[PDB]
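Written below as structure tokens is the structure these notes are about.
Excluded from the calculations below are hydrogen atoms, water molecules and symmetry mates; all remaining heavy atoms, backbone and side chain alike, are included. Chain letters run A, B, ... following the sequence lines, proteins first and then strands; every chain starts at 1.
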Amino acid sequence: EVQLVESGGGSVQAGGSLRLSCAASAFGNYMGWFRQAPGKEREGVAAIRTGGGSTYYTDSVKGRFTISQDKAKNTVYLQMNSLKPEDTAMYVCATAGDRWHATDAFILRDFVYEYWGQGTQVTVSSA
Amino acid sequence: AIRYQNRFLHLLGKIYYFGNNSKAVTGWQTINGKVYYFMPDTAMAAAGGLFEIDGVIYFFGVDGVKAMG
């Protein structure tokens, strides 16, 4: 059961940036970043396929967020630029076991992931 | 070997799934949240009936999906 641990969350002003890290006991075929605001469902934000490093993003973060991997350090990263109030959420990373697969159209849906981390809090203030 | 990654193939009434290395997958697989069993010789999905796998009987829909789990 893969262990995941997120860090790098914080409070920042709109327009600012954060960089989240996700340490994993192992990578599956894909590593994803999800977020969950209060009262909403989890939403997938970005995903990377660990063989080759192809990246997928939800439309609202394209050009702002970047997902990357360092396989040496078993870590995946979310660079979050140009932050907005609507980016406030608990951010959690996920992956899946060896015989788990996702097609391109589902790689940001929560039901293709098996293992979840704890969450790192991101809060984007206006003033 | 043709590039054909992370997707299904529907061919001659049979169902195959290709991983990231462009190879047909075999045995038990969870694909987009659904469970399949690809036969070890043909790579074809167990589909449209009852099949015994390792001493347990399961039902697979026509699309290859194992009924619940």
Exam field: side chain [X] to backbone [Y], donor-acceptor pair closer than 3.5 Å:
| X | Y | value |
| --- | --- | --- |
| A:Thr66 | A:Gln79 | no |
| B:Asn20 | A:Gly51 | yes |
| A:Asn74 | A:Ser25 | no |
| A:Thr50 | A:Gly28 | yes |

Least distance between heavy atoms, [X] atom then [Y] atom:
| X | Y | result |
| --- | --- | --- |
| A:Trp100 | A:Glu114 | NE1-OE1, 3.3 Å |
| B:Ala43 | B:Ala24 | CB-CB, 3.7 Å |
| A:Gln36 | A:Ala89 | O-CB, 3.4 Å |
| A:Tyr91 | A:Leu20 | CB-CD1, 3.5 Å |
| A:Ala24 | A:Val2 | CB-CG1, 4.3 Å |
| B:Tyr37 | B:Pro40 | OH-CD, 4.1 Å |

Working to the nearest 0.5 Å, report the span between [atom1] of [X] and [atom2] of [Y].
| X | Y | atom1 | atom2 | answer |
| --- | --- | --- | --- | --- |
| A:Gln13 | A:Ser126 | CD | OG | 7.5 Å |
| B:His10 | B:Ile15 | NE2 | CD1 | 5.5 Å |
| A:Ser60 | A:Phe65 | OG | CZ | 7.5 Å |
| A:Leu108 | A:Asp59 | CG | CG | 9.5 Å |
| A:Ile67 | A:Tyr77 | CD1 | OH | 12.0 Å |
| A:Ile48 | A:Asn29 | CD1 | CG | 13.0 Å |

Co-membership, hydrophobic cluster, residues [X] and [Y], 4.5 Å side-chain:
| X | Y | result |
| --- | --- | --- |
| A:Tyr113 | A:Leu4 | no |
| B:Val35 | B:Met68 | no |
| A:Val45 | A:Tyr56 | no |

Side chains of [Y] and [X]: any donor to acceptor distance under 3.5 Å?
| X | Y | value |
| --- | --- | --- |
| A:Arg49 | A:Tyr30 | no |
| B:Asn32 | A:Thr103 | yes |
| A:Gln121 | A:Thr123 | yes |
| A:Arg64 | A:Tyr57 | no |

Between [X] and [Y], is any pair of side-chain heavy atoms under 4.5 Å apart?
| X | Y | answer |
| --- | --- | --- |
| A:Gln118 | A:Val5 | no |
| A:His101 | B:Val25 | yes |
| B:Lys23 | B:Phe18 | no |
| B:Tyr17 | B:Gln29 | no |
| A:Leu83 | A:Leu18 | yes |
| B:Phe51 | B:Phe59 | no |
| A:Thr58 | A:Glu43 | yes |
| B:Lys14 | B:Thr42 | no |

- Message: So, applying side-chain contact (heavy atoms from CB on, under 4.5 Å) with A:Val76, which one of A:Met31, A:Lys71, A:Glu6 is it?
- Response: A:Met31
- Item | Pair A:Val12-A:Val122, side-chain contact (heavy atoms from CB on, under 4.5 Å): steps then yes or no | CA-CA 8 Å; A:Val12 83; A:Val122 170; 5.8 Å; no
- According to the interplanar angle, ranging from 0 to 90°, do the rings of B:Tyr58 and B:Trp28 count as parallel (below 30°), tilted (30 to 60°) or perpendicular (above 60°)? perpendicular
- Query: So B:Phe8 and B:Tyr36, would you call those rings parallel, tilted or perpendicular, with 30° and 60° as cut-offs?
  - Reply: tilted
So does [X] pair up with [Y], basic N to acidic O under 4.0 Å?
| X | Y | result |
| --- | --- | --- |
| B:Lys34 | B:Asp63 | no |
| A:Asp104 | B:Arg7 | no |
| A:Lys84 | A:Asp87 | no |

- CG of B:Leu11: more than 12 outside heavy atoms within 6.0 angstrom? yes
- Message: Check this for me: A:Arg99, atom CZ, are more than 12 non-hydrogen atoms of other residues, nucleotides or ligands nearer than 6.0 Å?
- Response: yes
- Item | Full working for ring pair (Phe, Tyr, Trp, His ring centres under 6.0 Å) between A:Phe34 and A:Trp116 | CA-CA 10 Å; A:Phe34 287 74; A:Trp116 302 86; 4.9 Å; yes
- Output, in order, the C-alpha distance, side-chain angles, deciding distance and verdict of side-chain contact (heavy atoms from CB on, under 4.5 Å) for B:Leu12 and B:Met44. CA-CA 11 Å; B:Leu12 297 168; B:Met44 301 164 172; over 6 Å; no
- Query: Going through the checks in order, is the side-chain contact (heavy atoms from CB on, under 4.5 Å) test met by B:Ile31 and B:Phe38?
  - Reply: CA-CA 12 Å; B:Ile31 306 157; B:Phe38 294 92; 3.6 Å; yes
- Message: Run A:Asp70 and A:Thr75 through side-chain hydrogen bond (donor to acceptor under 3.5 Å, both in side chains) and show every step you take.
- Response: CA-CA 5 Å; A:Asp70 181 347; A:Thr75 298; over 6 Å; no
- Message: Is there a side-chain contact (heavy atoms from CB on, under 4.5 Å) between A:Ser68 and A:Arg19? Walk through the geometry before answering.
- Response: CA-CA 11 Å; A:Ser68 61; A:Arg19 175 164 157 107; 4.1 Å; yes
